[PDB]
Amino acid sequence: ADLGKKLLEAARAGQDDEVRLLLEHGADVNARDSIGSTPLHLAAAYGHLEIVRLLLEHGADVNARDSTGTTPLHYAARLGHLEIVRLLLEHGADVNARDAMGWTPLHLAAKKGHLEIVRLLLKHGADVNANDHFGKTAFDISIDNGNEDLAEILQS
């Protein structure tokens, strides 16, 4: 296989030394799979913090979008990986990126009940008044979902 297909595979699987190698030997850091996912997307999704650091150090596009408009920060926020959320934000991730449904990382964290993530996104400039395409804010999702603590952080 092409260096980029391997990198995607390695990233998803958490193979740190294999990702480290591929990058040192010129694999496309932003290689795309069938749905537009990059290595970064996959590492952020599957919780591979070390691979996220490696990728970012080798110039990964921190704000890459897949076919659904989903960024690595959306995945890290949705799936609860607070230390990856922190790292991505420190590397210039777009805190208010909207996916195809209009959801920001904040909306995704609110949907999934991730409080410490909500608190960290709000700390780095998340737009608490952002409406998704359904016309709802992160708060409204909290109410519908039924999350008292999160409903509460969102309205301080």
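Numbers for residues come from their place in the sequence shown, where the first is 1.
Per the entry, where is the mean C-alpha temperature factor higher: 144-152 or 13-21?
Stretch with the higher mean C-alpha B-factor: 144-152.
Mean temperature factor over C-alpha atoms, higher-scoring stretch between 29-37 and 62-70
The deposited B-factors put 29-37 ahead on the C-alpha mean.
Could you tell me which one of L55, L115, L108, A100 shows the highest CA temperature factor in the PDB record?
Going by the entry's C-alpha B-factors, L115 comes out highest.
Third assignment of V95 from its chain's C-alpha B-factors
Middle third of the chain for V95's C-alpha B-factor.
Tell me, lowest, middle or highest third: where does the Cα B factor of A126 rank within its chain?
Answer is middle: the recorded C-alpha B-factor places it there.
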